[PDB]
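> I have a structure here, written as structure tokens, and I will follow up with some questions on it.
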Amino acid sequence: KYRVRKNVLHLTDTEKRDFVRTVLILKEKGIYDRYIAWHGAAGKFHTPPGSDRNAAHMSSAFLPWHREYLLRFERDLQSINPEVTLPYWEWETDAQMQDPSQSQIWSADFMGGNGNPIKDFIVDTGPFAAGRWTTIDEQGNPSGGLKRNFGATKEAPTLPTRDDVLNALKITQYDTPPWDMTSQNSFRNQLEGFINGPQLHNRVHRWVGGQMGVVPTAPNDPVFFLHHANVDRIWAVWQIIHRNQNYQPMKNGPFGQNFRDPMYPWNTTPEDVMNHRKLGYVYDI
Amino acid sequence: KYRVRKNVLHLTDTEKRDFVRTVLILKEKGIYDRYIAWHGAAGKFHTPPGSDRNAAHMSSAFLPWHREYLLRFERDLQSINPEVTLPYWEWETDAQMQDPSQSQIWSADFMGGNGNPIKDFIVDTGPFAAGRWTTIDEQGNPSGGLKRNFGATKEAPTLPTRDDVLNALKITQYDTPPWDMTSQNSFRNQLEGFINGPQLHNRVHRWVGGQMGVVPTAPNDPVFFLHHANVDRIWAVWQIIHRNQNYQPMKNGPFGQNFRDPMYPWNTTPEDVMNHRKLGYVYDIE
Ligand SMILES: CCCCCCCCCCCCOS(=O)(=O)O
Ligand SMILES: [Cu+2]
């Protein structure tokens with residue numbers, strides 16, 4: 001289990017110099033946009049159709065999907081910078097801050113800062129400011145600059161806490177019928193954050209605002225990946241605790257949710273991403 | 001070369017009954033839906049973003065993309081019933097018939113016939129009419145069935161001309177700058193149908209109407225694949241004829257349009273499929 005993924009606060013100022021530079025070199029060989037488009041496709045892709053579940057969100061594929069989404073987003077970093085790995089954003093600890101908007105992560109040498117009120121919350125600081133970065137709307141057409149607004153939502157004024165997370169790791173079941181937004185005592189649902197929406201994951205891309213709330217476009221913003229890194233590492237954590245707890249459903253899950261059913265838009269299956277070690281990456285710790 | 005892709009009108013019936021029996025199975029195992037989604041997803045992926053050119057249509061990638069598409073589909077169709085291949089629809093020969101709707105490809109035991117004007121052109125006849133076939137739309141949610149309306153468009157009253165096909169096979173260049181709708185003297189653009197459009201491939205689509213008229217809902221209609229079967233066969237012929245010539249652009253291409261770029265939604269490159277034999281199928285003319 002090599003390729004160590006590192007808390008964003010643990011990184012150097014060269015590490016950070018690198019990552020944010022590799023991303024830009026993706027973004028512009030044409031590659032990035034096709035993770036903006038994969039995440040979007042697989043969310044008009046209801047499983048089945050007309051259900052509320054999509055091959056990713058709101059079902060029991062949500063985590064391994066975003067696992068081999070992160071996975072195959074890394075390499076194309078590693079192919080651009082062997083010694084760049086994907087860092088995670090431990091938002092629970094940032095939650096404790098007096099004002100997390102002052103996390104080293106919103107520093108202006110990484111992703112940048114909060115949106116500017118005056119410019120309609122268009123991010124004007126840091127490497128992804130409007131003018132140095134390029135976003136895409138739902139239609140697959142150009143958008144114009146990033147937008148953020150931390151905590152300007154009534155329904156998510158604060159980031160989730162360490163407690164929130166400790167509680168979620170408690171949950172004995174991976175997922176529970178029917179496998180969607182209403183699944184009770186379901187680690188997945190809760191980690192997604194649909195139990196008392198909008199908790200945990202959901203909460204952030206409700207806390208961060210702009211394209212990180214409307215989902216479909218969510219990958220526009222680089223920190224999407226920092227985010228789901230943390231989500232992934234929380235799931236690597238749960239994984240061990242209940243080393244025993246495995247994926248459910250095993251079958252009888254809508255096609256695309258079971259444990260041996262490929263995950264639009266790839267042919268990849270959870271069976272295939274149930275280990276972060278076999279994937280050749282292990283989280284600082 | 002083994003797999004052998006046979007003109008629909010050469011298909012013994014048990015062979016038609018075997019092909020239609022599998023398409024369902026693929027549809028039932030919710031395996032077929034991923035094919036509609038793929039094709040609707042590449043069309044929403046512009047390259048570069050904000051420019052007519054999508055991952056499948058409107059660029060040099062149209063042929064190799066739809067060649068890969070099909071391959072994967074034959075493959076799924078194979079894994080299940082090893083004896084089933086993906087047949088082609090030779091529309092240039094149907095174009096002769098007094099009424100090319102009488103083709104025996106719209107036969108009740110095969111694809112079904114034309115839209116019923118009473119039920120708003122739903123298809124009610126054949127293994128596929130509202131009732132045994134389910135139809136997703138652009139967003140991704142069930143719409144209700146299948147629709148056809150043969151040549152109701154004043155734009156495309158009649159399928160391509162078997163004498164057109166020849167003309168497009170004369171073209172020397174696979175494609176040419178700027179690698180889009182306006183490309184001139186490009187095999188790829190003519191076959192696609194933009195030269196005085198709609199022609200050939202584009203004229204096929206508008207000819208059938210219903211879902212097949214619209215770029216994103218096209219693959220709802222199994223005929224999409226025969227159609228594209230034929231379209232791949234034509235390229236294939238083109239490749240043998242103008243063997244010297246090769247895919248273009250090689251580089252300097254719009255990421256996702258060059259010889260060795262991966263083609264959204266896959267990792268596969270035009271290079272990976274420029275030789276169809278090596279993909280393990282051939283067209284019953286060999
Ligand atoms: C100035 C006249 C405008 C020409 C046509 C405008 C829409 C008509 C196209 C009908 C077929 C569909 O064609 S499409 O444009 O939608 O692909
Ligand atoms: Cu998401």
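Residue numbering restarts at 1 in every chain; chains get A, B, ... in the order shown in the structure tokens, and ligands count up from 1 in that same order.
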Kindly provide, as JSON, numbers by chain, the residues of chain A having any atom no farther than 8 Å from an atom of chain B, counting only C-alpha atoms.

{"A": [29, 30, 34, 37, 38, 41, 44, 45, 46, 48, 49, 50, 136, 139, 140, 141, 142, 255, 264, 265, 266]}

> Please, could you write that set of residues out with N, CA, C and O atoms as a PDB file, in the first residue's frame?


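The resulting file, result34.pdb, is shown below:
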ATOM      1  N   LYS A  29      -4.905  19.938 -20.656  1.00  0.00           N
ATOM      2  CA  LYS A  29      -4.580  19.014 -21.708  1.00  0.00           C
ATOM      3  C   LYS A  29      -5.898  18.463 -22.139  1.00  0.00           C
ATOM      4  O   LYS A  29      -5.967  17.596 -22.972  1.00  0.00           O
ATOM      5  N   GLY A  30      -6.965  18.975 -21.555  1.00  0.00           N
ATOM      6  CA  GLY A  30      -8.299  18.550 -21.915  1.00  0.00           C
ATOM      7  C   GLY A  30      -8.848  17.542 -20.947  1.00  0.00           C
ATOM      8  O   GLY A  30     -10.012  17.249 -20.963  1.00  0.00           O
ATOM      9  N   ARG A  34     -13.146  16.047 -18.441  1.00  0.00           N
ATOM     10  CA  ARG A  34     -13.749  14.712 -18.477  1.00  0.00           C
ATOM     11  C   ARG A  34     -13.918  13.947 -17.202  1.00  0.00           C
ATOM     12  O   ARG A  34     -14.221  12.784 -17.203  1.00  0.00           O
ATOM     13  N   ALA A  37     -17.434  15.838 -16.527  1.00  0.00           N
ATOM     14  CA  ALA A  37     -18.431  15.198 -17.366  1.00  0.00           C
ATOM     15  C   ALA A  37     -18.840  13.776 -16.949  1.00  0.00           C
ATOM     16  O   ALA A  37     -19.991  13.425 -17.072  1.00  0.00           O
ATOM     17  N   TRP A  38     -17.897  12.956 -16.487  1.00  0.00           N
ATOM     18  CA  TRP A  38     -18.192  11.652 -15.842  1.00  0.00           C
ATOM     19  C   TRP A  38     -19.103  11.796 -14.606  1.00  0.00           C
ATOM     20  O   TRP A  38     -20.093  11.059 -14.460  1.00  0.00           O
ATOM     21  N   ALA A  41     -22.497  12.875 -15.959  1.00  0.00           N
ATOM     22  CA  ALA A  41     -23.225  11.807 -16.611  1.00  0.00           C
ATOM     23  C   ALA A  41     -23.849  10.886 -15.560  1.00  0.00           C
ATOM     24  O   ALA A  41     -25.025  10.528 -15.648  1.00  0.00           O
ATOM     25  N   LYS A  44     -27.373  11.620 -14.031  1.00  0.00           N
ATOM     26  CA  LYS A  44     -28.593  11.671 -14.782  1.00  0.00           C
ATOM     27  C   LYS A  44     -28.785  10.213 -14.986  1.00  0.00           C
ATOM     28  O   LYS A  44     -29.734   9.807 -15.619  1.00  0.00           O
ATOM     29  N   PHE A  45     -27.931   9.372 -14.441  1.00  0.00           N
ATOM     30  CA  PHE A  45     -28.107   7.961 -14.747  1.00  0.00           C
ATOM     31  C   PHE A  45     -28.782   7.133 -13.698  1.00  0.00           C
ATOM     32  O   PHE A  45     -28.135   6.318 -13.080  1.00  0.00           O
ATOM     33  N   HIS A  46     -30.091   7.284 -13.573  1.00  0.00           N
ATOM     34  CA  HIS A  46     -30.871   6.656 -12.513  1.00  0.00           C
ATOM     35  C   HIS A  46     -30.953   5.132 -12.607  1.00  0.00           C
ATOM     36  O   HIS A  46     -31.041   4.570 -13.699  1.00  0.00           O
ATOM     37  N   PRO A  48     -32.782   1.888 -10.981  1.00  0.00           N
ATOM     38  CA  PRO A  48     -33.116   2.054 -12.399  1.00  0.00           C
ATOM     39  C   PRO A  48     -33.449   3.501 -12.746  1.00  0.00           C
ATOM     40  O   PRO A  48     -33.190   4.403 -11.949  1.00  0.00           O
ATOM     41  N   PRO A  49     -34.020   3.712 -13.927  1.00  0.00           N
ATOM     42  CA  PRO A  49     -34.386   5.059 -14.379  1.00  0.00           C
ATOM     43  C   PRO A  49     -35.716   5.515 -13.789  1.00  0.00           C
ATOM     44  O   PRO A  49     -36.665   4.732 -13.727  1.00  0.00           O
ATOM     45  N   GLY A  50     -35.777   6.771 -13.361  1.00  0.00           N
ATOM     46  CA  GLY A  50     -36.960   7.312 -12.796  1.00  0.00           C
ATOM     47  C   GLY A  50     -36.954   7.057 -11.317  1.00  0.00           C
ATOM     48  O   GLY A  50     -37.706   7.638 -10.574  1.00  0.00           O
ATOM     49  N   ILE A 136     -17.452  24.778 -16.363  1.00  0.00           N
ATOM     50  CA  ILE A 136     -18.461  24.266 -17.277  1.00  0.00           C
ATOM     51  C   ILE A 136     -19.818  24.102 -16.567  1.00  0.00           C
ATOM     52  O   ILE A 136     -19.890  23.522 -15.479  1.00  0.00           O
ATOM     53  N   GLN A 139     -24.944  22.075 -18.997  1.00  0.00           N
ATOM     54  CA  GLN A 139     -25.207  21.736 -20.378  1.00  0.00           C
ATOM     55  C   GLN A 139     -23.952  21.244 -21.065  1.00  0.00           C
ATOM     56  O   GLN A 139     -23.997  20.760 -22.188  1.00  0.00           O
ATOM     57  N   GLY A 140     -22.820  21.350 -20.383  1.00  0.00           N
ATOM     58  CA  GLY A 140     -21.551  21.021 -21.018  1.00  0.00           C
ATOM     59  C   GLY A 140     -20.966  22.178 -21.807  1.00  0.00           C
ATOM     60  O   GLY A 140     -19.919  22.054 -22.475  1.00  0.00           O
ATOM     61  N   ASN A 141     -21.564  23.339 -21.630  1.00  0.00           N
ATOM     62  CA  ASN A 141     -21.038  24.547 -22.210  1.00  0.00           C
ATOM     63  C   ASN A 141     -20.349  25.345 -21.118  1.00  0.00           C
ATOM     64  O   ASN A 141     -20.881  25.453 -20.021  1.00  0.00           O
ATOM     65  N   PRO A 142     -19.268  26.025 -21.488  1.00  0.00           N
ATOM     66  CA  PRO A 142     -18.610  27.070 -20.704  1.00  0.00           C
ATOM     67  C   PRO A 142     -19.488  27.891 -19.760  1.00  0.00           C
ATOM     68  O   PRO A 142     -20.612  28.203 -20.105  1.00  0.00           O
ATOM     69  N   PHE A 255     -29.760  -2.828 -10.761  1.00  0.00           N
ATOM     70  CA  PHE A 255     -28.573  -3.014 -11.566  1.00  0.00           C
ATOM     71  C   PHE A 255     -27.791  -1.731 -11.462  1.00  0.00           C
ATOM     72  O   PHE A 255     -28.332  -0.630 -11.623  1.00  0.00           O
ATOM     73  N   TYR A 264     -21.483   2.563 -14.147  1.00  0.00           N
ATOM     74  CA  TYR A 264     -21.526   3.617 -15.138  1.00  0.00           C
ATOM     75  C   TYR A 264     -20.758   4.713 -14.453  1.00  0.00           C
ATOM     76  O   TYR A 264     -20.915   4.910 -13.254  1.00  0.00           O
ATOM     77  N   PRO A 265     -19.893   5.410 -15.197  1.00  0.00           N
ATOM     78  CA  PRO A 265     -19.645   5.176 -16.623  1.00  0.00           C
ATOM     79  C   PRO A 265     -18.487   4.214 -16.945  1.00  0.00           C
ATOM     80  O   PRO A 265     -18.002   4.193 -18.075  1.00  0.00           O
ATOM     81  N   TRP A 266     -18.061   3.410 -15.983  1.00  0.00           N
ATOM     82  CA  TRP A 266     -16.973   2.486 -16.251  1.00  0.00           C
ATOM     83  C   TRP A 266     -17.582   1.107 -16.187  1.00  0.00           C
ATOM     84  O   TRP A 266     -18.796   0.962 -16.008  1.00  0.00           O
TER      85      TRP A 266
END

> Would you pick out the contacts of residue B:84 at 10 Å or less, using only C-alpha atoms, so that residues sharing its chain but fewer than 6 positions from it are not included, and give the list as a PDB file with N, CA, C and O atoms, in the first residue's frame?


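And here is the file that came out, around26.pdb:
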ATOM      1  N   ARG B   3     -15.690 -13.341 -36.158  1.00  0.00           N
ATOM      2  CA  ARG B   3     -16.981 -12.749 -36.012  1.00  0.00           C
ATOM      3  C   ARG B   3     -17.344 -12.306 -37.395  1.00  0.00           C
ATOM      4  O   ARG B   3     -16.487 -11.917 -38.149  1.00  0.00           O
ATOM      5  N   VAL B   4     -18.603 -12.421 -37.758  1.00  0.00           N
ATOM      6  CA  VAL B   4     -18.991 -12.179 -39.126  1.00  0.00           C
ATOM      7  C   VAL B   4     -20.293 -11.444 -39.151  1.00  0.00           C
ATOM      8  O   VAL B   4     -21.344 -11.987 -38.881  1.00  0.00           O
ATOM      9  N   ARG B   5     -20.254 -10.165 -39.511  1.00  0.00           N
ATOM     10  CA  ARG B   5     -21.409  -9.283 -39.426  1.00  0.00           C
ATOM     11  C   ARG B   5     -22.221  -9.268 -40.703  1.00  0.00           C
ATOM     12  O   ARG B   5     -21.799  -8.700 -41.676  1.00  0.00           O
ATOM     13  N   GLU B  15     -31.942 -16.770 -36.913  1.00  0.00           N
ATOM     14  CA  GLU B  15     -30.876 -15.804 -36.648  1.00  0.00           C
ATOM     15  C   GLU B  15     -31.394 -14.439 -36.281  1.00  0.00           C
ATOM     16  O   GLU B  15     -30.764 -13.693 -35.550  1.00  0.00           O
ATOM     17  N   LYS B  16     -32.599 -14.131 -36.741  1.00  0.00           N
ATOM     18  CA  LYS B  16     -33.245 -12.876 -36.402  1.00  0.00           C
ATOM     19  C   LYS B  16     -33.879 -13.059 -35.067  1.00  0.00           C
ATOM     20  O   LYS B  16     -33.844 -12.193 -34.219  1.00  0.00           O
ATOM     21  N   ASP B  18     -32.889 -14.969 -32.820  1.00  0.00           N
ATOM     22  CA  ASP B  18     -31.829 -15.100 -31.829  1.00  0.00           C
ATOM     23  C   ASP B  18     -31.231 -13.741 -31.481  1.00  0.00           C
ATOM     24  O   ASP B  18     -30.796 -13.513 -30.353  1.00  0.00           O
ATOM     25  N   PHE B  19     -31.213 -12.841 -32.459  1.00  0.00           N
ATOM     26  CA  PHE B  19     -30.672 -11.502 -32.259  1.00  0.00           C
ATOM     27  C   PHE B  19     -31.639 -10.631 -31.465  1.00  0.00           C
ATOM     28  O   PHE B  19     -31.224  -9.833 -30.624  1.00  0.00           O
ATOM     29  N   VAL B  20     -32.930 -10.790 -31.736  1.00  0.00           N
ATOM     30  CA  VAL B  20     -33.958 -10.021 -31.046  1.00  0.00           C
ATOM     31  C   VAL B  20     -34.154 -10.532 -29.624  1.00  0.00           C
ATOM     32  O   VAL B  20     -34.536  -9.779 -28.729  1.00  0.00           O
ATOM     33  N   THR B  22     -31.795 -11.561 -27.782  1.00  0.00           N
ATOM     34  CA  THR B  22     -30.691 -11.162 -26.951  1.00  0.00           C
ATOM     35  C   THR B  22     -30.746  -9.703 -26.637  1.00  0.00           C
ATOM     36  O   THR B  22     -30.524  -9.309 -25.516  1.00  0.00           O
ATOM     37  N   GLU B  74     -21.588  -5.571 -29.515  1.00  0.00           N
ATOM     38  CA  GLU B  74     -21.454  -6.930 -30.007  1.00  0.00           C
ATOM     39  C   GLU B  74     -20.968  -7.778 -28.840  1.00  0.00           C
ATOM     40  O   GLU B  74     -21.596  -8.766 -28.504  1.00  0.00           O
ATOM     41  N   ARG B  75     -19.864  -7.363 -28.212  1.00  0.00           N
ATOM     42  CA  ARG B  75     -19.254  -8.084 -27.086  1.00  0.00           C
ATOM     43  C   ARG B  75     -20.195  -8.484 -25.991  1.00  0.00           C
ATOM     44  O   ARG B  75     -20.109  -9.588 -25.474  1.00  0.00           O
ATOM     45  N   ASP B  76     -21.056  -7.568 -25.594  1.00  0.00           N
ATOM     46  CA  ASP B  76     -22.029  -7.902 -24.587  1.00  0.00           C
ATOM     47  C   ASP B  76     -22.980  -8.888 -25.205  1.00  0.00           C
ATOM     48  O   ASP B  76     -23.377  -9.868 -24.563  1.00  0.00           O
ATOM     49  N   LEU B  77     -23.352  -8.643 -26.457  1.00  0.00           N
ATOM     50  CA  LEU B  77     -24.255  -9.532 -27.176  1.00  0.00           C
ATOM     51  C   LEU B  77     -23.623 -10.906 -27.365  1.00  0.00           C
ATOM     52  O   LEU B  77     -24.322 -11.908 -27.516  1.00  0.00           O
ATOM     53  N   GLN B  78     -22.294 -10.946 -27.356  1.00  0.00           N
ATOM     54  CA  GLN B  78     -21.564 -12.197 -27.527  1.00  0.00           C
ATOM     55  C   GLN B  78     -21.517 -12.988 -26.223  1.00  0.00           C
ATOM     56  O   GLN B  78     -22.034 -14.102 -26.144  1.00  0.00           O
TER      57      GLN B  78
END

> Just list as a list in words whatever in stretch 86-168 of chain A DSSP marks as strand (DSSP E or B).

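DSSP-assigned strand (DSSP E or B) residues in stretch 86-168 of chain A: residues 88, 116, 122, 130, 133, 135, 136, 142, 143, 144, 147, 153 and 156 of chain A.
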
> Please identify all polymer residues within 10 Å of residue B:173, counting only C-alpha atoms, omitting same-chain residues fewer than 3 positions from it, and present them as a list in words.

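Neighbouring residues, sequence-local ones excluded: residues 169, 170, 176, 184, 185, 186, 187, 188, 242, 245, 246, 247 and 248 of chain B.
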
> Which of stretch 44-257 of chain B counts as helix (DSSP H, G or I) under DSSP, as a PyMOL selection string please?

chain B and resi 62-80+91-94+117-119+162-170+187-192+200-208+210-213+218-220+223-241

> What is the atom CA of residue B:166-atom CA of residue B:230 distance in Å, reported with one decimal?

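According to the coordinates, atom CA of residue B:166 and atom CA of residue B:230 are separated by 13.7 Å.
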
> List all protein, DNA and RNA residues that have an atom no more than 8 Å from any atom of ligand 2, counting only C-alpha atoms and all ligand atoms, and report them as a list in words.

residues 39, 56, 57, 62, 66, 215, 216, 218 and 219 of chain A

> Which protein, DNA or RNA residues have an atom within 12 Å of ligand 1, counting only C-alpha atoms and all ligand atoms, as a PyMOL selection string?

chain B and resi 52+57-58+152-156+181+193-194+197-198+202-203+205-207+209+213-216

> Would you mind exporting C-alpha atoms of the selected residues as a PDB file, in the first residue's frame?


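Output below, filename part.pdb:
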ATOM      1  CA  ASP B  52     -19.964  22.121 -31.788  1.00  0.00           C
ATOM      2  CA  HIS B  57     -20.520  13.485 -33.668  1.00  0.00           C
ATOM      3  CA  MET B  58     -19.218  16.629 -35.305  1.00  0.00           C
ATOM      4  CA  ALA B 152     -41.932  12.630 -42.586  1.00  0.00           C
ATOM      5  CA  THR B 153     -39.237  15.267 -42.591  1.00  0.00           C
ATOM      6  CA  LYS B 154     -39.184  17.458 -45.681  1.00  0.00           C
ATOM      7  CA  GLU B 155     -35.490  17.539 -44.961  1.00  0.00           C
ATOM      8  CA  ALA B 156     -35.023  13.824 -45.362  1.00  0.00           C
ATOM      9  CA  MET B 181     -19.140  20.159 -39.537  1.00  0.00           C
ATOM     10  CA  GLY B 193     -23.805  13.702 -43.510  1.00  0.00           C
ATOM     11  CA  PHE B 194     -22.988  17.372 -43.156  1.00  0.00           C
ATOM     12  CA  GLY B 197     -26.792  17.977 -44.905  1.00  0.00           C
ATOM     13  CA  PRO B 198     -28.556  16.014 -44.023  1.00  0.00           C
ATOM     14  CA  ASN B 202     -27.462  12.098 -40.649  1.00  0.00           C
ATOM     15  CA  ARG B 203     -30.081  11.481 -43.305  1.00  0.00           C
ATOM     16  CA  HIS B 205     -31.406   9.319 -38.563  1.00  0.00           C
ATOM     17  CA  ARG B 206     -33.930  11.961 -39.594  1.00  0.00           C
ATOM     18  CA  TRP B 207     -35.469   9.493 -42.031  1.00  0.00           C
ATOM     19  CA  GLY B 209     -37.720   9.899 -37.006  1.00  0.00           C
ATOM     20  CA  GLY B 213     -34.191  11.750 -35.074  1.00  0.00           C
ATOM     21  CA  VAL B 214     -32.572  13.285 -32.064  1.00  0.00           C
ATOM     22  CA  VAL B 215     -28.936  12.856 -31.315  1.00  0.00           C
ATOM     23  CA  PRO B 216     -29.203  11.961 -27.648  1.00  0.00           C
TER      24      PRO B 216
END

> Pick out the residues sitting within 10 Å of stretch 11-21 of chain A, and hand them over as a list in words; count only C-alpha atoms, and ignore anything fewer than 3 positions along from it in its own chain.

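Listing them by chain and then by number gives residues 6, 7, 8, 24, 25, 26, 27, 77, 80, 81, 83, 84, 85, 86, 87, 105, 109, 110, 111, 126, 127, 128 and 222 of chain A.
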
> Compile the contact shell of stretch 97-104 of chain B as number ranges by chain: residues with an atom at most 9 Å away, counting only C-alpha atoms, same-chain residues fewer than 5 positions apart removed.

B: 8-9, 91, 110, 113-114, 150, 158-159

> Output the selection as an mmCIF file, in the first residue's frame - N, CA, C and O atoms for each residue.


data_model
loop_
_atom_site.group_PDB
_atom_site.id
_atom_site.type_symbol
_atom_site.label_atom_id
_atom_site.label_comp_id
_atom_site.auth_asym_id
_atom_site.auth_seq_id
_atom_site.Cartn_x
_atom_site.Cartn_y
_atom_site.Cartn_z
ATOM 1 N N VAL B 8 -28.555 -7.748 -42.668
ATOM 2 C CA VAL B 8 -29.861 -8.147 -42.187
ATOM 3 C C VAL B 8 -30.590 -9.087 -43.179
ATOM 4 O O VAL B 8 -31.041 -10.169 -42.791
ATOM 5 N N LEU B 9 -30.665 -8.729 -44.457
ATOM 6 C CA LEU B 9 -31.401 -9.533 -45.439
ATOM 7 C C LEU B 9 -30.750 -10.852 -45.844
ATOM 8 O O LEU B 9 -31.138 -11.456 -46.829
ATOM 9 N N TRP B 91 -29.054 0.307 -45.822
ATOM 10 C CA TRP B 91 -30.086 1.245 -46.272
ATOM 11 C C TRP B 91 -29.952 1.716 -47.743
ATOM 12 O O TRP B 91 -30.939 2.074 -48.372
ATOM 13 N N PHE B 110 -38.996 -8.954 -36.401
ATOM 14 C CA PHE B 110 -37.670 -8.346 -36.376
ATOM 15 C C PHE B 110 -37.425 -7.085 -35.558
ATOM 16 O O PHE B 110 -37.092 -7.160 -34.375
ATOM 17 N N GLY B 113 -42.472 -2.200 -37.261
ATOM 18 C CA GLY B 113 -42.648 -1.260 -38.350
ATOM 19 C C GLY B 113 -42.635 0.205 -37.936
ATOM 20 O O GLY B 113 -41.927 0.598 -36.989
ATOM 21 N N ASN B 114 -43.419 1.006 -38.663
ATOM 22 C CA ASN B 114 -43.441 2.452 -38.506
ATOM 23 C C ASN B 114 -44.392 2.892 -37.397
ATOM 24 O O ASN B 114 -45.188 2.086 -36.858
ATOM 25 N N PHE B 150 -41.320 7.280 -40.531
ATOM 26 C CA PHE B 150 -40.456 7.181 -41.714
ATOM 27 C C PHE B 150 -40.627 8.341 -42.709
ATOM 28 O O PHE B 150 -41.735 8.588 -43.209
ATOM 29 N N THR B 158 -36.278 10.706 -47.941
ATOM 30 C CA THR B 158 -35.778 9.509 -48.582
ATOM 31 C C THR B 158 -34.383 9.146 -48.054
ATOM 32 O O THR B 158 -33.542 10.021 -47.854
ATOM 33 N N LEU B 159 -34.153 7.856 -47.834
ATOM 34 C CA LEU B 159 -32.871 7.381 -47.328
ATOM 35 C C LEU B 159 -31.753 7.629 -48.336
ATOM 36 O O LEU B 159 -32.007 7.827 -49.523
#

> Name the residues in contact with residue A:201 at a cut-off of 10 Å, using only C-alpha atoms, excluding same-chain residues fewer than 6 positions from it; report them as an mmCIF file with N, CA, C and O atoms, in the first residue's frame.


data_model
loop_
_atom_site.group_PDB
_atom_site.id
_atom_site.type_symbol
_atom_site.label_atom_id
_atom_site.label_comp_id
_atom_site.auth_asym_id
_atom_site.auth_seq_id
_atom_site.Cartn_x
_atom_site.Cartn_y
_atom_site.Cartn_z
ATOM 1 N N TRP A 91 -12.390 18.014 6.993
ATOM 2 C CA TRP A 91 -13.232 19.149 7.360
ATOM 3 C C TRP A 91 -13.738 19.144 8.816
ATOM 4 O O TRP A 91 -14.106 20.190 9.342
ATOM 5 N N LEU A 159 -19.667 23.461 8.967
ATOM 6 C CA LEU A 159 -19.124 22.209 8.489
ATOM 7 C C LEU A 159 -19.405 21.114 9.470
ATOM 8 O O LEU A 159 -19.505 21.371 10.641
ATOM 9 N N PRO A 160 -19.499 19.879 9.011
ATOM 10 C CA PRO A 160 -19.690 18.793 9.982
ATOM 11 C C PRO A 160 -18.546 18.722 11.022
ATOM 12 O O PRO A 160 -17.453 19.255 10.759
ATOM 13 N N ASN A 189 -25.594 5.987 3.744
ATOM 14 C CA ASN A 189 -26.580 7.067 3.696
ATOM 15 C C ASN A 189 -26.117 8.147 4.616
ATOM 16 O O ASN A 189 -26.095 9.325 4.285
ATOM 17 N N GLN A 190 -25.714 7.753 5.797
ATOM 18 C CA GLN A 190 -25.350 8.748 6.774
ATOM 19 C C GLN A 190 -24.077 9.465 6.392
ATOM 20 O O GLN A 190 -23.998 10.683 6.471
ATOM 21 N N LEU A 191 -23.066 8.727 5.962
ATOM 22 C CA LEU A 191 -21.841 9.359 5.501
ATOM 23 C C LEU A 191 -22.074 10.298 4.322
ATOM 24 O O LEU A 191 -21.463 11.349 4.231
ATOM 25 N N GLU A 192 -22.942 9.902 3.400
ATOM 26 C CA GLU A 192 -23.428 10.797 2.338
ATOM 27 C C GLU A 192 -24.056 12.027 2.992
ATOM 28 O O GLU A 192 -23.645 13.161 2.785
ATOM 29 N N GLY A 193 -25.045 11.766 3.827
ATOM 30 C CA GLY A 193 -25.514 12.754 4.773
ATOM 31 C C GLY A 193 -26.976 13.022 4.603
ATOM 32 O O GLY A 193 -27.403 14.166 4.631
ATOM 33 N N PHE A 194 -27.739 11.977 4.376
ATOM 34 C CA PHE A 194 -29.129 12.167 4.057
ATOM 35 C C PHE A 194 -29.983 11.913 5.266
ATOM 36 O O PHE A 194 -31.177 12.175 5.246
ATOM 37 N N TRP A 207 -22.208 23.694 2.305
ATOM 38 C CA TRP A 207 -21.492 24.679 3.074
ATOM 39 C C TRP A 207 -20.614 25.463 2.129
ATOM 40 O O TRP A 207 -20.567 26.691 2.234
ATOM 41 N N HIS A 227 -12.273 17.063 -0.914
ATOM 42 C CA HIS A 227 -13.411 16.662 -0.140
ATOM 43 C C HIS A 227 -13.625 15.157 -0.142
ATOM 44 O O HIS A 227 -13.659 14.542 0.926
ATOM 45 N N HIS A 228 -13.807 14.569 -1.326
ATOM 46 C CA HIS A 228 -14.103 13.144 -1.439
ATOM 47 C C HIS A 228 -12.906 12.294 -1.074
ATOM 48 O O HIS A 228 -12.992 11.069 -1.025
ATOM 49 N N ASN A 230 -11.407 12.827 1.746
ATOM 50 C CA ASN A 230 -11.701 12.678 3.153
ATOM 51 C C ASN A 230 -12.843 11.724 3.311
ATOM 52 O O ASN A 230 -12.853 10.885 4.210
ATOM 53 N N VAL A 231 -13.822 11.873 2.434
ATOM 54 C CA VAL A 231 -14.924 10.950 2.447
ATOM 55 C C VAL A 231 -14.341 9.554 2.262
ATOM 56 O O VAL A 231 -14.678 8.639 3.010
#

> Which residue, B:149, B:96, B:14, B:134, has the smallest gap to residue B:118 when you use only C-alpha atoms?

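Of the candidates, the smallest distance to residue B:118 is held by B:149.
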
> Take atom CA of residue B:81 and atom CA of residue B:27 and report the distance between them in Å, one decimal.

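If I compute the distance from atom CA of residue B:81 to atom CA of residue B:27, I get 14.2 Å.
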
> If I take atom CA of residue B:65 and atom CA of residue B:189, how far is one from the other in Å, to one decimal?

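Calculated distance between atom CA of residue B:65 and atom CA of residue B:189 is 14.2 Å.
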
> Using only C-alpha atoms, which of the listed residues (A:59, A:258, A:217, A:268) sits closest to residue A:143?

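Ranking A:59, A:258, A:217, A:268 by distance to residue A:143, first place goes to A:217.
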
> Could you check which of A:273, A:58, A:169, A:63 is closest to residue A:43, using only C-alpha atoms?

A:58

> What's the 10 Å shell around residue A:94, counting only C-alpha atoms, without same-chain residues fewer than 2 positions away, as a list in words?

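In the requested format, the answer is residues 89, 90, 91, 92, 96, 97, 98, 99, 100, 101, 102, 103, 104, 105, 159, 160, 161 and 162 of chain A.
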